Amino acid sequence: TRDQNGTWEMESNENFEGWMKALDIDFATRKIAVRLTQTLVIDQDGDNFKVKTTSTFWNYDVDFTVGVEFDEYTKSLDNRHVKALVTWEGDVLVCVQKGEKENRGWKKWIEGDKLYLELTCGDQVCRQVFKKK
Ligand SMILES: *C/C=C(C)/C=C/C=C(C)/C=C/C1=C(C)CCCC1(C)C
C-alpha cells in the first residue's frame, strides 16, 4: 500500500541524535529533542501531500507534490537551501534533497499498520517507526 494517510505515533527512533548531529543541529536542541514524543500527520490526495510533524517544543511542516522538483528552504530545521524531489519507488516514498549535505533525504513506507521513516544525512541513518492512531 502507498496509502500513508493518517495520524501516526512514534514508537521507535534509532540514531536520532546522530542524524540531528549530521545536520549540525545545536547540542541544546538535540538534548531536549531526543526526549520528545512525536506525532506525524499526513494528508495524501493523489500527488499532493501535506506533512506535519509535531512535538511539545518544535514542529516541522512541509507540503509537496510527488514528481515535482521544488526549491526548498529548510526553515529552522537547519536553515539550508536544497533542491527537493519526492517520488515513488514501488510503495516506498523517496525524498532526495540535493545540496550541501550528502545522502540527504528520507524514505517513508507502510508495513501493516506501522509507518517506517528512514531519515538520512551524510553517513548517518535515523530509523523511525510509527504506529497508526
Ligand atoms: C516525511 C517525514 C519527514 C520529512 C519528517 C521530518 C521530521 C523532522 C525534520 C523533525 C524535526 C524535529 C522535530 C519535530 C522536533 C525535534 C527536533 C527536530 C528538529 C529534529
# chains A, B, ... in the order shown; residues from 1 in each chain; ligands from 1

call {"tool": "closest_atom_pairs", "arguments": {"of": "chain A", "to": "ligand 1", "cutoff": "9 Å", "atoms": "only C-alpha atoms and all ligand atoms", "output": "CSV"}}
result
residue,atom,partner,partner_atom_place_in_ligand_line,distance
A:16,CA,ligand 1,20 (C),7.6
A:17,CA,ligand 1,20 (C),8.5
A:19,CA,ligand 1,20 (C),8.3
A:20,CA,ligand 1,20 (C),5.9
A:25,CA,ligand 1,19 (C),7.4
A:29,CA,ligand 1,17 (C),6.8
A:30,CA,ligand 1,17 (C),6.5
A:32,CA,ligand 1,16 (C),7.8
A:33,CA,ligand 1,16 (C),4.3
A:34,CA,ligand 1,16 (C),7.0
A:35,CA,ligand 1,16 (C),8.7
A:36,CA,ligand 1,16 (C),7.0
A:37,CA,ligand 1,16 (C),8.9
A:38,CA,ligand 1,14 (C),6.8
A:39,CA,ligand 1,14 (C),8.5
A:40,CA,ligand 1,2 (C),7.6
A:42,CA,ligand 1,1 (C),8.7
A:51,CA,ligand 1,1 (C),6.7
A:52,CA,ligand 1,5 (C),7.6
A:53,CA,ligand 1,14 (C),5.3
A:54,CA,ligand 1,14 (C),5.4
A:55,CA,ligand 1,14 (C),5.7
A:56,CA,ligand 1,15 (C),8.1
A:57,CA,ligand 1,15 (C),6.8
A:58,CA,ligand 1,15 (C),4.7
A:59,CA,ligand 1,14 (C),4.4
A:60,CA,ligand 1,14 (C),5.1
A:61,CA,ligand 1,6 (C),7.8
A:62,CA,ligand 1,4 (C),7.5
A:74,CA,ligand 1,9 (C),8.8
A:76,CA,ligand 1,19 (C),7.6
A:77,CA,ligand 1,19 (C),5.0
A:78,CA,ligand 1,19 (C),8.0
A:93,CA,ligand 1,1 (C),8.6
A:94,CA,ligand 1,1 (C),8.9
A:95,CA,ligand 1,1 (C),8.0
A:105,CA,ligand 1,4 (C),7.7
A:106,CA,ligand 1,4 (C),6.4
A:107,CA,ligand 1,1 (C),7.0
A:108,CA,ligand 1,1 (C),6.3
A:117,CA,ligand 1,2 (C),6.7
A:118,CA,ligand 1,2 (C),8.6
A:119,CA,ligand 1,4 (C),7.4

call {"tool": "residues_around", "arguments": {"residues": "region 8-10 of chain A", "least_positions_apart": "2", "cutoff": "9 Å", "atoms": "only C-alpha atoms", "output": "PyMOL selection string"}}
result
chain A and resi 6+12-13+37-42+114-115+128-133

call {"tool": "write_last_selection", "arguments": {"atoms": "C-alpha atoms", "output": "JSON list (two decimals), in the first residue's frame"}}
result
[["chain", "number", "residue", "atom", "x", "y", "z"],
["A", 6, "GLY", "CA", -3.46, 9.11, 8.92],
["A", 12, "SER", "CA", 10.95, 3.82, 17.82],
["A", 13, "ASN", "CA", 13.85, 6.04, 16.80],
["A", 37, "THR", "CA", 7.18, 12.08, 21.73],
["A", 38, "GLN", "CA", 6.40, 12.71, 18.06],
["A", 39, "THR", "CA", 3.11, 12.67, 16.16],
["A", 40, "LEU", "CA", 3.13, 12.59, 12.37],
["A", 41, "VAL", "CA", 0.01, 13.67, 10.47],
["A", 42, "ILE", "CA", -0.18, 13.07, 6.73],
["A", 114, "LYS", "CA", 3.17, 0.73, 11.00],
["A", 115, "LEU", "CA", 4.80, 3.59, 9.10],
["A", 128, "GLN", "CA", 11.78, 5.72, 12.97],
["A", 129, "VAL", "CA", 8.72, 3.50, 13.28],
["A", 130, "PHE", "CA", 5.26, 4.94, 13.84],
["A", 131, "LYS", "CA", 2.03, 3.16, 14.74],
["A", 132, "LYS", "CA", -1.27, 4.42, 13.32],
["A", 133, "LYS", "CA", -3.67, 6.13, 15.72]]

call {"tool": "closest_residue", "arguments": {"among": "A:48, A:1, A:120, A:7", "to": "residue 64 (chain A)", "atoms": "only C-alpha atoms"}}
result
A:48

call {"tool": "select_by_dssp", "arguments": {"residues": "chain A", "states": "helix (DSSP H, G or I)", "output": "list in words"}}
result
residues 16, 17, 18, 19, 20, 21, 22, 27, 28, 29, 30, 31, 32 and 33 of chain A

call {"tool": "atom_distance", "arguments": {"atom1": "CA of residue 69 (chain A)", "atom2": "CA of residue 21 (chain A)"}}
result
26.4 Å

call {"tool": "closest_residue", "arguments": {"among": "A:14, A:45, A:113, A:24", "to": "residue 79 (chain A)", "atoms": "only C-alpha atoms"}}
result
A:24

call {"tool": "atom_distance", "arguments": {"atom1": "CA of residue 97 (chain A)", "atom2": "CA of residue 5 (chain A)"}}
result
22.5 Å

call {"tool": "closest_residue", "arguments": {"among": "A:124, A:44, A:4, A:65", "to": "residue 101 (chain A)", "atoms": "only C-alpha atoms"}}
result
A:124

call {"tool": "atom_distance", "arguments": {"atom1": "CA of residue 83 (chain A)", "atom2": "CA of residue 2 (chain A)"}}
result
23.6 Å

call {"tool": "residues_around", "arguments": {"residues": "residue 66 (chain A)", "least_positions_apart": "5", "cutoff": "8 Å", "atoms": "only C-alpha atoms", "output": "number ranges by chain"}}
result
A: 47-49, 85-88

call {"tool": "decode", "arguments": {"residues": "region 40-51 of chain A", "atoms": "N, CA, C and O atoms", "output": "PDB file, in the first residue's frame"}}
result
ATOM      1  N   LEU A  40       2.981  12.288  13.784  1.00  0.00           N
ATOM      2  CA  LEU A  40       3.133  12.591  12.372  1.00  0.00           C
ATOM      3  C   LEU A  40       1.756  12.517  11.729  1.00  0.00           C
ATOM      4  O   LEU A  40       1.095  11.475  11.800  1.00  0.00           O
ATOM      5  N   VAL A  41       1.314  13.623  11.131  1.00  0.00           N
ATOM      6  CA  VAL A  41       0.014  13.672  10.469  1.00  0.00           C
ATOM      7  C   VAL A  41       0.158  13.938   8.977  1.00  0.00           C
ATOM      8  O   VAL A  41       0.684  14.982   8.561  1.00  0.00           O
ATOM      9  N   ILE A  42      -0.331  12.993   8.179  1.00  0.00           N
ATOM     10  CA  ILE A  42      -0.176  13.068   6.733  1.00  0.00           C
ATOM     11  C   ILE A  42      -1.544  13.129   6.039  1.00  0.00           C
ATOM     12  O   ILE A  42      -2.440  12.311   6.305  1.00  0.00           O
ATOM     13  N   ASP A  43      -1.679  14.113   5.171  1.00  0.00           N
ATOM     14  CA  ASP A  43      -2.813  14.248   4.280  1.00  0.00           C
ATOM     15  C   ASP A  43      -2.320  13.950   2.871  1.00  0.00           C
ATOM     16  O   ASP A  43      -1.454  14.649   2.356  1.00  0.00           O
ATOM     17  N   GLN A  44      -2.875  12.921   2.244  1.00  0.00           N
ATOM     18  CA  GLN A  44      -2.383  12.496   0.936  1.00  0.00           C
ATOM     19  C   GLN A  44      -3.533  12.362  -0.038  1.00  0.00           C
ATOM     20  O   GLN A  44      -4.423  11.521   0.147  1.00  0.00           O
ATOM     21  N   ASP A  45      -3.509  13.196  -1.069  1.00  0.00           N
ATOM     22  CA  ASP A  45      -4.511  13.138  -2.123  1.00  0.00           C
ATOM     23  C   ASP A  45      -3.844  13.206  -3.489  1.00  0.00           C
ATOM     24  O   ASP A  45      -3.410  14.278  -3.936  1.00  0.00           O
ATOM     25  N   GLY A  46      -3.788  12.058  -4.154  1.00  0.00           N
ATOM     26  CA  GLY A  46      -3.077  11.945  -5.409  1.00  0.00           C
ATOM     27  C   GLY A  46      -1.614  12.244  -5.150  1.00  0.00           C
ATOM     28  O   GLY A  46      -0.989  11.615  -4.285  1.00  0.00           O
ATOM     29  N   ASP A  47      -1.071  13.210  -5.885  1.00  0.00           N
ATOM     30  CA  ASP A  47       0.331  13.597  -5.698  1.00  0.00           C
ATOM     31  C   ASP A  47       0.515  14.621  -4.597  1.00  0.00           C
ATOM     32  O   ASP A  47       1.643  14.920  -4.207  1.00  0.00           O
ATOM     33  N   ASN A  48      -0.580  15.193  -4.107  1.00  0.00           N
ATOM     34  CA  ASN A  48      -0.463  16.307  -3.171  1.00  0.00           C
ATOM     35  C   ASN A  48      -0.342  15.845  -1.731  1.00  0.00           C
ATOM     36  O   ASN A  48      -1.295  15.293  -1.175  1.00  0.00           O
ATOM     37  N   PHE A  49       0.817  16.077  -1.121  1.00  0.00           N
ATOM     38  CA  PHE A  49       0.995  15.734   0.286  1.00  0.00           C
ATOM     39  C   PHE A  49       1.085  16.977   1.147  1.00  0.00           C
ATOM     40  O   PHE A  49       1.685  17.969   0.743  1.00  0.00           O
ATOM     41  N   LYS A  50       0.508  16.905   2.345  1.00  0.00           N
ATOM     42  CA  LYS A  50       0.769  17.867   3.411  1.00  0.00           C
ATOM     43  C   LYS A  50       1.232  17.065   4.613  1.00  0.00           C
ATOM     44  O   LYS A  50       0.481  16.250   5.146  1.00  0.00           O
ATOM     45  N   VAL A  51       2.473  17.281   5.028  1.00  0.00           N
ATOM     46  CA  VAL A  51       3.067  16.514   6.112  1.00  0.00           C
ATOM     47  C   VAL A  51       3.299  17.409   7.324  1.00  0.00           C
ATOM     48  O   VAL A  51       3.798  18.525   7.191  1.00  0.00           O
TER      49      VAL A  51
END
